[PDB]
């Protein structure tokens, strides 16, 4: 289900935590959500936000991941500049001021933290939107043990690094999102040339941000279909 999840939903347990990012911003704040009823170790998913920090939409997505049965960690990329400021415009402005390498490293550090998390199995997947889709691809390049990666309408991996990718990739693209789509053919050709496991879907008649139900670009039909595919991917590879 891609339904919004109430913060009080009894099937999930949510809390803010901090984790170390020695090559990023040090002690980084994140929203951690677990299935409320967990007997054994559970697989994990890092959820990467868009270009405006950890806003309520991304926190809801983290809860949707936990409802599906995984431990979700959504770091706050604005933690070094006061956190999500309450509105997306200021969030966008602030995220631009954050050092790009350190910011990306914070998300990489979240993968590592979830790998070693006592209540987790050790397997970690990643998903993200816009900026976060870009980070998802970059994580696939950097972590050969990454269980899977699911970029939503995000920057492609650099073509020369595609051979390094081992995580099965599920890519969601919006038909009208020409800036991102421009780079897809080169990425696809490299994936095929290197016999990489992937599935890619182009959703007709929608634009970038179609899964974001807090914006006018939201499209329920595409959002729900993409999410169903994402949960099947998690079920298969986590």
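Numbering follows the first chain given and starts at 1.
Asker: Do the C-alpha atoms of 65-73 or of 32-40 have the higher average B factor in the entry?
Answerer: Higher mean C-alpha B-factor: 32-40.
Asker: Do the CA atoms of 138-146 or those of 158-166 have the higher mean B-factor in the entry?
Answerer: The deposited B-factors put 158-166 ahead on the C-alpha mean.
Asker: Could you check 60, 27, 50, 213 and tell me which one carries the biggest Cα B-factor in the deposited entry?
Answerer: It is 27.
Asker: Using only modelled residues of the chain, where does the Cα B factor of residue 226 rank: lowest third, middle third or highest third?
Answerer: For residue 226, whose C-alpha B-factor we compare with every modelled residue in the chain, the answer is the middle third.
Asker: In terms of the chain's CA B-factor thirds, is residue 209 lowest, middle or highest?
Answerer: Residue 209: CA B-factor falls in the middle third of its chain.
Asker: Looking at the temperature factor on the CA atom of residue 174, which third of the chain's modelled residues does it land in?
Answerer: Highest third.
Asker: Is the Cα B-factor recorded for residue 97 in the lowest, middle or highest third of its chain?
Answerer: Answer is highest: the recorded C-alpha B-factor places it there.
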